[PDB]
>>> print(open('target.cif').read())   # mmCIF, C-alpha atoms
data_entry
loop_
_atom_site.label_atom_id
_atom_site.label_comp_id
_atom_site.auth_asym_id
_atom_site.auth_seq_id
_atom_site.Cartn_x
_atom_site.Cartn_y
_atom_site.Cartn_z
CA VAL A 1 -62.64 69.54 -55.06
CA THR A 2 -60.44 69.12 -58.10
CA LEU A 3 -57.24 69.04 -56.08
CA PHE A 4 -54.84 66.22 -56.85
CA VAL A 5 -52.94 64.28 -54.21
CA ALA A 6 -49.34 63.25 -54.72
CA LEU A 7 -48.64 59.53 -54.73
CA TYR A 8 -44.88 59.19 -54.98
CA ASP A 9 -41.77 60.87 -56.33
CA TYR A 10 -40.55 60.96 -59.92
CA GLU A 11 -37.20 61.10 -61.68
CA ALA A 12 -37.38 63.76 -64.36
CA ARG A 13 -34.21 64.25 -66.37
CA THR A 14 -35.44 66.96 -68.71
CA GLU A 15 -36.07 70.68 -68.89
CA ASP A 16 -39.83 70.72 -69.29
CA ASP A 17 -40.47 67.82 -66.95
CA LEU A 18 -39.69 68.44 -63.30
CA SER A 19 -39.27 66.22 -60.26
CA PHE A 20 -41.68 66.31 -57.34
CA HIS A 21 -42.45 64.57 -54.07
CA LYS A 22 -45.52 63.45 -52.17
CA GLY A 23 -47.23 65.28 -49.33
CA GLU A 24 -47.75 68.23 -51.65
CA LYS A 25 -50.85 69.45 -53.45
CA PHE A 26 -51.37 70.63 -57.01
CA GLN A 27 -53.87 73.27 -58.05
CA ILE A 28 -55.67 73.33 -61.38
CA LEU A 29 -54.48 75.76 -64.03
CA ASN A 30 -54.29 73.97 -67.36
CA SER A 31 -57.36 72.83 -69.26
CA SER A 32 -56.40 71.28 -72.57
CA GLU A 33 -57.78 67.75 -72.51
CA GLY A 34 -55.77 65.31 -70.43
CA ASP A 35 -52.03 64.91 -70.83
CA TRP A 36 -49.35 67.09 -69.27
CA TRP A 37 -50.88 69.57 -66.86
CA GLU A 38 -49.09 72.15 -64.74
CA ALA A 39 -48.30 71.57 -61.08
CA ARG A 40 -48.90 74.68 -59.00
CA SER A 41 -47.78 74.38 -55.40
CA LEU A 42 -48.40 76.94 -52.68
CA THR A 43 -45.18 75.77 -51.06
CA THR A 44 -42.08 76.01 -53.21
CA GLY A 45 -43.85 77.58 -56.16
CA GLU A 46 -42.23 75.49 -58.87
CA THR A 47 -44.01 74.55 -62.08
CA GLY A 48 -43.47 71.52 -64.28
CA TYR A 49 -45.29 69.35 -66.78
CA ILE A 50 -45.95 65.78 -65.70
CA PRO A 51 -48.52 62.99 -66.06
CA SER A 52 -50.63 63.14 -62.92
CA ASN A 53 -53.15 60.64 -64.22
CA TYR A 54 -51.92 57.97 -61.82
CA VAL A 55 -53.01 60.05 -58.85
CA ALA A 56 -56.45 60.78 -57.46
CA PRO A 57 -58.35 63.48 -55.54
CA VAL A 58 -59.82 63.28 -52.06
CA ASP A 59 -63.52 62.83 -51.40
#
>>> encode(input="target.cif", output="structure tokens")
Amino acid sequence: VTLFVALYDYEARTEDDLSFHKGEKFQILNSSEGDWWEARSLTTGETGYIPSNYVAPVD
């Protein structure tokens, strides 16, 4: 289970970066190293690069 859980919302005022909310789930897709990964949601279907290093999965 490499699924990440949303913690809170974020205020992104850019083009690359996007805003998101909690209660959603993000699927893996990117595999560079550990920085800005994509956020694939099976809900809205909106991508965006953000730092989801402050979150955590569910065991």
>>> atom_distance(input="target.cif", atom1="atom CA of residue 20 of chain A", atom2="atom CA of residue 58 of chain A")
19.1 Å
>>> atom_distance(input="target.cif", atom1="atom CA of residue 8 of chain A", atom2="atom CA of residue 22 of chain A")
5.1 Å
>>> resolve_selection(input="target.cif", expression="the PyMOL selection byres ((chain A and resi 34-39) around 6)", output="PyMOL selection string")
chain A and resi 26+30+33+40+47-51
>>> closest_residue(input="target.cif", among="A:46, A:1, A:32, A:57", to="residue 19 of chain A", atoms="only C-alpha atoms")
A:46
>>> atom_distance(input="target.cif", atom1="atom CA of residue 13 of chain A", atom2="atom CA of residue 25 of chain A")
21.7 Å
>>> residues_around(input="target.cif", residues="residue 59 of chain A", least_positions_apart="6", cutoff="12 Å", atoms="all atoms listed in the file", output="PyMOL selection string")
chain A and resi 1-5
>>> write_last_selection(input="target.cif", atoms="C-alpha atoms", output="PDB file, in the frame of the given file")
ATOM      1  CA  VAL A   1     -62.640  69.540 -55.060  1.00  0.00           C
ATOM      2  CA  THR A   2     -60.440  69.120 -58.100  1.00  0.00           C
ATOM      3  CA  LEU A   3     -57.240  69.040 -56.080  1.00  0.00           C
ATOM      4  CA  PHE A   4     -54.840  66.220 -56.850  1.00  0.00           C
ATOM      5  CA  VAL A   5     -52.940  64.280 -54.210  1.00  0.00           C
TER       6      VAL A   5
END
>>> axis_aligned_box(input="target.cif", around="segment 5-13 of chain A", padding_each_side="5 Å", output="lines of an AutoDock Vina configuration file")
center_x = -43.6
center_y = 61.7
center_z = -60.3
size_x = 28.7
size_y = 15.1
size_z = 22.2
>>> residues_around(input="target.cif", residues="residue 7 of chain A", least_positions_apart="5", cutoff="9 Å", atoms="all atoms listed in the file", output="JSON, numbers by chain")
{"A": [21, 22, 23, 54, 55, 56]}
